[PDB]
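Number of protein chains: 10
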Amino acid sequence: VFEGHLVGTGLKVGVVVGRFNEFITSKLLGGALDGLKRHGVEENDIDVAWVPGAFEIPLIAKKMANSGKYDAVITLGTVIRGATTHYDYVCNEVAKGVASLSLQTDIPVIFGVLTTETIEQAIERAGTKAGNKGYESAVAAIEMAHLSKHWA
Amino acid sequence: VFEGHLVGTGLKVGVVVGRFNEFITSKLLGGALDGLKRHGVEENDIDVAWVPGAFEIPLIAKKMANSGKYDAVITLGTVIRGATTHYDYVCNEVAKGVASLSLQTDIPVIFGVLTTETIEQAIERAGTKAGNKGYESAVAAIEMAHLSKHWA
Amino acid sequence: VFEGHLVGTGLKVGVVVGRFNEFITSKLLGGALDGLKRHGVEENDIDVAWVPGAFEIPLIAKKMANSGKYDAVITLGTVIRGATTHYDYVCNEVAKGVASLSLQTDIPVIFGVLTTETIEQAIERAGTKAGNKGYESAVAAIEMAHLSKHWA
Amino acid sequence: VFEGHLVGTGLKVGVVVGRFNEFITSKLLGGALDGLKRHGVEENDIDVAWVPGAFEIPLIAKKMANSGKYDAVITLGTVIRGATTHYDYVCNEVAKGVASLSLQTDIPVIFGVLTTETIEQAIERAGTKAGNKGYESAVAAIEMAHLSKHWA
Amino acid sequence: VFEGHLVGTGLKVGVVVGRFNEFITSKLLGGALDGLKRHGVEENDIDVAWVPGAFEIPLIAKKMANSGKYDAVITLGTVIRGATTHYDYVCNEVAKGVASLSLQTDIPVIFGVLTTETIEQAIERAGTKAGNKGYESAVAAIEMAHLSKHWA
Amino acid sequence: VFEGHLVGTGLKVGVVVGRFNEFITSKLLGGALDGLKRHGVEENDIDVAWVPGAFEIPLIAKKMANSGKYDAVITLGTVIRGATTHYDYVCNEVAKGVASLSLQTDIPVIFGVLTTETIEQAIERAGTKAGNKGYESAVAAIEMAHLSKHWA
Amino acid sequence: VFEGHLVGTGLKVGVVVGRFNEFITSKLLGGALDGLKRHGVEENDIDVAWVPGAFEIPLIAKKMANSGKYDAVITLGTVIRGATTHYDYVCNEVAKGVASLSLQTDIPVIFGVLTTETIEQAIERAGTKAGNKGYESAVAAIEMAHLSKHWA
Amino acid sequence: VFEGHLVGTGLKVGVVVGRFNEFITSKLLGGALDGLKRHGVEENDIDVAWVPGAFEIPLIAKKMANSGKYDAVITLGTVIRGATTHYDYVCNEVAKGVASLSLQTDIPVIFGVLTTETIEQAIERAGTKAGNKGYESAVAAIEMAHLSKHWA
Amino acid sequence: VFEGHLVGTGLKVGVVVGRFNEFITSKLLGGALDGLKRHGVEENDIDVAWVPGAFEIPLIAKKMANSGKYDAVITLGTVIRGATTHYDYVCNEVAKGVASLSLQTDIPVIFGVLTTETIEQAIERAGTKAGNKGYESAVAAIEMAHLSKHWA
Amino acid sequence: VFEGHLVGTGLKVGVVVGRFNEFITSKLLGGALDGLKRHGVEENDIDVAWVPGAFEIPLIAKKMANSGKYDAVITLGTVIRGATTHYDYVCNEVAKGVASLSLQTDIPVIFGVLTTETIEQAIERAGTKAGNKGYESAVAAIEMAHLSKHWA
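Protein chains in written order, with my numbering: chain S, -3 to 148; chain X, -3 to 148; chain V, -3 to 148; chain C, -3 to 148; chain P, -3 to 148; chain Y, -3 to 148; chain E, -3 to 148; chain R, -3 to 148; chain D, -3 to 148; chain A, -3 to 148.
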């Protein structure tokens, strides 16, 4: 009874990508832009905020949701396993932040941060075998934008 | 003593299903009808919201309980182990959302999200030798909503 | 040196028991509902709230503490390992809502939910080798109750 | 399309439980005698017939269906592997008299007799991991009852 | 509720024993007396029919229940695994007879035929560490006959 | 030839059950308190004495036989192997006071205390594979009672 | 029915502890106070007798129950496996004394002597993951003394 | 630059200790005395709150620091690995509570709860090889107290 | 509240040593005498009775306790493992006798009989690595003499 | 009773550090500052003496404490295993000197010389996992200083 439209010609999205692991987040962003752009979203109704890395993505995502300028916010980034458990707390707090601070703002905030073990797994999901996580995040932002933003 | 009825003659239930793994969630939403319906709930008093996937189920599950139109909100979806720990942060936040944000609404929000390791296990719990976890999550939904009398 | 009493001559206790795994939670309730009685708490001053299972125990346990009718609330239930990580998110959220979440009320909420690996392990704490964890969770309730500092 | 109802507001149910392995059949009966109650079937409109064990359940189950006092009869019992093939002939004849033999009456007779290998397996269906097969056999009774075509 | 007495003060029981394996069935018929007798049944109200072996126990067990002289008919005998599958077809038909032809008589016909793999197992169940299956089949006989009140 | 009766129409029985391992002793008592009832012993002529555990069963069992109010006293309890030899001294002293120590009274005292190795073994005699040893210990009580020679 | 209170408001308990293994018996006597005390027993109504070791605990435990000053006598101590069978004859006689000489006094003498194989096991049962066997032996002491009403 | 003082002459401290694992938490509380004492704090100018389990610490640690009574609150307790994952949900929520609810008050709440795998590891950190983690959490408490200083 | 004095200047002890294994009992006695002597006991208030071996030590120990001349009796001896189980019954009856016949006389009778496996274990405990069991028995007799003989 | 104070406000301390293994002894001297400082001692009211090797410490540790300049002298240094037994004669004589020649002066001389096998073990005890054994030897110095007290 309540499906979400997938055409976002009149939408207005804003994304926050993490500079760390640029090698991956780059192609990850281009896929999200390409997605929104070719789904109707105007090529300039789209803003991008570069943060130091995923840990920083919850703070600035909240600053773009509370700015009340966008119809949806897309969080992009990439985290890869290291030698320490540092990778765990980062990955957690990013999702923990993006998810929890997506209800505090009743604004669709799509979580599109890669959390992998191998550099080959990131590439795998940045426009390779698995597809482009970024593009898939945009197509998700548009849908949420029809079901969650202008819907109440 | 404070048991809860199982006859939902005059209840209004709202369901939120994730499209990802539709192969499972589809026959898992078969717990809605042939479940709520056979227990009394009216065909028309049941609304369904399709979200992109489990991560987006806390937000829309909120904007359905807060609409005050439903006595209880059933949350459906399916998540299966990948190669990355991405599966973990998702399952966590879905459960973390449906739970921690079921106390802020005082409205019963039944957690019926399959979190499995195999496609086979998801099938085992969607109408096979474990039964349908969508039908069971409805029975629980009725009882819960029907148990909120020492409330208000 | 502020310690807690242990005789509950005039106490008002409320219990929330999960129906799932009734085979265990049954004897588990009888442990508390017989530890309270024999500790001087009235057999007629105890209320029991049957919820579907543990995941629903935070919600109903809240509406009993917020009910402002009990000095302490005991939460009884049983969760046993499955084949999926479903077991983890359940245990977590139960021992998370019940767990310290319920500090908000400032009513004692004793966490007495069995979280085991084997049906044989749960049966060990259900009134066997390790003793009845329901009885022990009632003794904890009386003690917690008899601890009075109030915020104001 | 002739399907079956599931609310049993005005139902007349009869139960035949085998005393042997009372440790299991006990909780097994409580499953049906609590699934019926909470499904709207009268706590005062249920009769229970204790037979020595399963082998005698076909005979007494017959004199209850032939009694023409119940819309459906539930058969509860438990049989566990021994060292001899004695277990086989018992299980067979129970799930043979009860089983389709009792078509002659045209009164619904639900076969809810546990036939397992381990005491731990029977304890799994007695209200644990696999759920209470007595509760499920009561839900089946209500449904079967609410299926009315009559031969004449 | 429909339990069955265990005092057979004024009952009339008829027993049918197979000669084959007399070594076992003999001390197995010791369940008749020192069983029925000690439970009240009169010494004289007990008749015994010796048949060639178990296969011939359905026929003669029939011409004893149909004589309407006995409140219940106890069937005794012993069968042990051979080298051929002959053991199977025998045990089957004995149980198949005593059961399927206990509904056509409405008179309780207790099945007390040992079906084992070892001479040792037959002994285990004729008055050794498993007890006497003839004495147990009498206790059941009394209760059964004593339970046929919602009959006729 | 002085043998013992088995119908206890007019009997006065007393039972001492150990609370420890209530999970087993529970069903274990129900075995005796249902074997007595169905053997013609009054449901209203049975007293039960709950002691901490088996070690205390000799003392309280004494004050019931010395009470001179019962024809026989049944002792129910359960003790299971631990990591220490503590289990041995308990079992010993229970089956030593209860055991023949209580010849002094000349009142029948039936030793029905389970002394096993596994929780699964105790559960076997608690009304499963091996039968209910409480029921059997009641049948022994009635028989012992019906044995009258008196010293004087 | 003859249960026993757990509130020892007006009881007089006497404890007998063995010095040997003071490292364990010390924190094991911590079951006396913070045990009897928290259950009601008066600080002053509790006397303690220090004996050389467990072997000397039957004699002095006798000259405390026979003084008729205490409602119940708690016996504490610890014994651990050596290289010789000396450990056996000790544990035996301690238990043999406290038991067999608790019927000659009619006064509840709770046996709370640790009989273990490891220093670690003694610790496990003196306030670690098994709890404090001194506190448990007090709870039992209260109930026992509080259960001697069908006495005298 | 803002270092924290270590001489706590004029300080009011509050301690919350868990009764479970008293064998360890006892000597662990020995960190309060012979700890706060020698650092200047006034003899019993410090209050100690005994709570049942480590799980109950967060609640009472609050209702002490909640309203100005102390300049800093210390939490002491011990938790040791069991067979079940119960150990995890306890440890987590204790640390979770003491930490998360040390920001809401703004009054220094030092986390001093031992979380070990072995009883030998608890002893290892209760005054053994690693020192006393109670005396160390006291030093921390004083330093943190002297850091309520704000900034310039 | 009831500790035992350790100075026995005015005491009057008597011991019974077993001649068998003189090689050990010798140094075992000298340690007991040396102990009593250097603890105050007058060097002539001390008597020694040589019995054939440990089995004989219960009889003559009773003859020295019933002689009402001593303040305590010390039983010394040594038993070592042989090829037969003879060693077991001897060791048992000695302790069984000394302990049981220490309550029949309400007179402190210290059990100091070595019960070992190796000749090297006896020497080990006769004034070697483990100390002198005899000396330790005297220091025990003196204490019991203050708590048990002139105390009542 | 004579405990040692821990607040060293008005204290003069002297430190002798070894230059060899400066990489470790450096951070080890960090125990002086941020150690004596926070315990009350006045900023650079403490003198530091740098000596070539740990072997030269005893001499200069003397010619400092030798004549009243400080209330206590701390010796810091590090020695790590080599291929030769040279490591032993150094460690020994350092400890030998600092100890033996701490009685002749009577002025507290705390021994704080690391004697490890690995460079990783030195780091382990220089501010890592085990803490800083320099800050610990400072606490000791203050306490020992406050114990120049003599006796009454």
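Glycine residues also receive a C-beta, built at the ideal position from the N, C-alpha and C atoms.
- A straight line joining the alpha-carbon of residue 137 (chain X) with that of residue 66 (chain V) spans about 26 angstroms.
- Fully enclosed beta strand (DSSP E) runs of no fewer than 3 residues occupy 68 to 76 of the stretch 52 to 82 of chain A, in order along the chain.
- Across the structure, residue 32 (chain E) and residue 113 (chain P) are spaced so that their CA atoms are roughly 58 angstroms apart.
- Judged by DSSP secondary structure, residue 14 (chain D) falls within the beta strand (DSSP E) whose first and last residues are 9 to 14.
- At a cut-off of 8 angstroms between beta-carbon atoms, residue 27 (chain P) makes no contact with chain C.
- Using a Cβ-Cβ cut-off of 8 angstroms, residue 51 (chain V) does not count as an interface residue toward chain C, since no Cβ of chain C sits closer than that to its own.
- Contact annotation: residue 118 (chain D) and residue 7 (chain D) have beta-carbon atoms that are not nearer than 8 angstroms.
- If you draw a 10 Å sphere on the C-beta of residue 107 (chain V), you find 16 or more other C-beta atoms in it, and that means buried.
- Around residue 80 (chain V), the beta-carbon contacts reaching into chain X at under 7 angstroms are 111, 112, 113, 117.
- Each of X:70, X:5, X:54 was checked against the Cα of residue 132 (chain X), and the nearest Cα belongs to X:70.
- Proximity to residue 25 (chain R) across R:130, R:59, R:85, R:17 peaks at R:130, based on C-alpha coordinates.
- The beta carbon of residue 83 (chain V) sits closer than 8 angstroms to those of 75, 76, 77, all from its chain and outside the five residues before and after it, given in chain order.
- The residue from A:34, A:111, A:35 with its alpha-carbon nearest to that of residue 91 (chain A) is A:111.
- For residue 76 (chain Y), the residues of chain V that pass the 8 angstroms Cβ criterion are 124, 125, in the order they occur in the chain.
- Sequence-distant partners of residue 121 (chain E) (beyond 5 residues in either direction) whose C-beta falls short of 6 angstroms from its own C-beta, in its chain, are 110, 129.
- By the neighbour-count definition (other C-beta atoms within 10 Å, threshold 16), residue 2 (chain X) is a buried residue.
- Counting of Cβ neighbours within 10 angstroms places residue -2 (chain C) among the exposed residues, the total staying below 16.
- Around the CB of residue 19 (chain P), fewer than 16 other CB atoms lie within 10 Å, so the residue is classed as exposed.
- Around the CB of residue 4 (chain D), 16 or more other CB atoms lie within 10 Å, so the residue is classed as buried.
- Close to chain R, meaning a Cβ-Cβ distance shorter than 7 angstroms, are the following residues of the stretch 30 to 55 of chain A: 34, 35, 36.
- The Cβ-Cβ distance between residue 53 (chain E) and residue 27 (chain E) does not fall below 8 angstroms.
- The closest CA to that of residue 55 (chain D), considering only D:144, D:124, D:104, D:97, is found on D:97.
- For residue 0 (chain D), the nearest beta carbon of chain E is closer than 8 angstroms to its own beta carbon.
- Burial is judged here by how many other beta carbons sit within 10 angstroms of a residue's own beta carbon; residue 62 (chain R) has at least 16 and is buried.
- Its Cα nearest to that of residue 86 (chain P), the residue P:14 stands out among P:126, P:105, P:10, P:14.
- The shortest C-alpha to C-alpha distance from residue 49 (chain P) to any of P:143, P:68, P:34, P:21 is the one to P:21.
- Within the stretch 98 to 137 of chain P, the runs of beta strand (DSSP E) at least 3 residues long that lie entirely inside it are, in chain order, 105 to 112, 122 to 124.
- Residues 0 of the same chain have their beta carbon placed closer than 6 angstroms to that of residue 143 (chain E), with the five preceding and five following residues left out of the count.
- Residue environment: residue 99 (chain Y) is assigned as exposed (fewer than 16 neighbouring CB atoms within 10 Å of its CB, all protein chains considered).
- Non-local C-beta neighbours of residue 126 (chain C) in its own chain, meaning closer than 8 angstroms and more than five positions away in sequence, comprise 120, ordered along the chain.
- For residue 18 (chain V), there are no C-beta contacts with chain Y under 8 angstroms, since the nearest C-beta of that chain is about 14 angstroms from it.
- Taking 7 angstroms as the cut-off between beta carbons, none of the residues of the stretch 128 to 139 of chain R comes near chain V.
- Straight-line measurement puts the Cα of residue 41 (chain E) at about 27 angstroms from the Cα of residue 45 (chain Y).
- With a threshold of 8 angstroms between beta carbons, residue 98 (chain P) makes contact with chain C.
- Contact annotation: residue 103 (chain C) and residue 68 (chain C) have beta-carbon atoms nearer than 8 angstroms.
- Counting along the chain, the unbroken alpha helix (DSSP H) around residue 20 (chain A) starts and ends at 18 to 25.
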